[PDB]
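Visitor: Pasting a structure here, questions to come.
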Amino acid sequence: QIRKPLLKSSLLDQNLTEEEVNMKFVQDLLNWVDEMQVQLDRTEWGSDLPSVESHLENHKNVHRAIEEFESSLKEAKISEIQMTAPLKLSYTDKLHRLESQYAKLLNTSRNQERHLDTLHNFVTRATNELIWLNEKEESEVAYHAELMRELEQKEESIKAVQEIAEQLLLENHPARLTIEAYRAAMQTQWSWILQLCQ
């Protein structure tokens, strides 16, 4: 799902001058950063646990690639020294644009990484609660006493997932939709389970 930035070496048996390759190089790098920013803008969060895992993992690899991309940024940086008039002015320009563009993703990649993270935690947690709740349908429904005691404990722990969602929403999580979805589903089922025992 992602390409390696091109290796200077790959341009040898092409004949052009040291500087001439530097120019292609910095350009391919610029291109890399562009196409990586689109993919990223395009990013999806997922609306259930499996899909969240999936986007999360997918994004692991995207982020990793963005981080290793630094070696090539450094090569571009140090290449300016090899540059000369006439091509130098053009090169510095591209390098500086690259430096800046690259900073933007990788600042974007990081946010997206932390967002996927919090999302994954939250969805795990609401899922598990919802599982508990759903199988308590059984169970209750099919003591006394120790039951209404159990419910009192789950509240603390439910009451808690709720405070997470509240928080993540207040923070305006990009996956605000799916978070609210889990939050309300959980609170709905809880509310009903309670209403069974009364």
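Visitor: Using only DSSP helix segments of four residues or longer, with each worth -39500 (n - 2.57), what per-residue ellipticity at 222 nm results for the chain after dividing by its residue count and rounding to 500?
Guide: Calculated from helices alone, the mean residue ellipticity at 222 nm is -26500 deg cm²/dmol.
Visitor: What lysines sit close enough to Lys154 to cross-link, taking a C-alpha to C-alpha distance under 29 Å and skipping anything fewer than 8 places away on the same chain?
Guide: Excluding near neighbours in sequence, the set is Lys136.
Visitor: Just going by the charge dipole of the chain, with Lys and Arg at +1 and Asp and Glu at -1 on Cβ, which of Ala85, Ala65, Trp45 is farthest out on the positive end?
Guide: In the chain, that residue is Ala85.
Visitor: While we're looking at this one, here's another question. Around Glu57, under 14 Å between beta carbons, what's the net of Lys plus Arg minus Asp minus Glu among the other residues?
Guide: Value of the local net charge: -2.
Visitor: Which entries of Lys24/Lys60; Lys74/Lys104; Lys24/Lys88; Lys8/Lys104; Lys8/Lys94; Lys4/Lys88 show an alpha-carbon separation above 18 angstrom in the structure shown?
Guide: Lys24/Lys60; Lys8/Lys104; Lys4/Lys88
Visitor: Under a crude label model (7 Å from the Cα following the beta-carbon direction), how far is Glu35 from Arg64 in nanometres?
Guide: About 2.0 nm, to one decimal.
Visitor: For the chain, what is the charge dipole size about the Cα centre, in debye to the nearest 20, if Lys and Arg each add +1 at the Cβ and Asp and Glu each add -1 at the Cβ?
Guide: 720
Visitor: Kirkwood hydrodynamic radius, the chain, all distinct C-alpha pairs: what's the number in Å?
Guide: So the Kirkwood estimate lands at 20.5 Å.
Visitor: With 10 angstrom as the radius, rank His59, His144, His96 by how many other C-beta atoms surround their C-beta, starting from the fewest.
Guide: So the ranking, lowest neighbour count to highest, is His144, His96, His59.
Visitor: Hey, another quick one. Please report how far the C-alpha centroid of segment 1-23 lies from that of segment 58-107, rounded to the nearest whole angstrom.
Guide: Their Cα centres are 14 Å away from one another.
No value in this document is a laboratory result; all are computed from the given coordinates. Because the Cβ atoms are built from the backbone with ideal geometry, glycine has one as well, and the counts that use them run over all protein chains shown.
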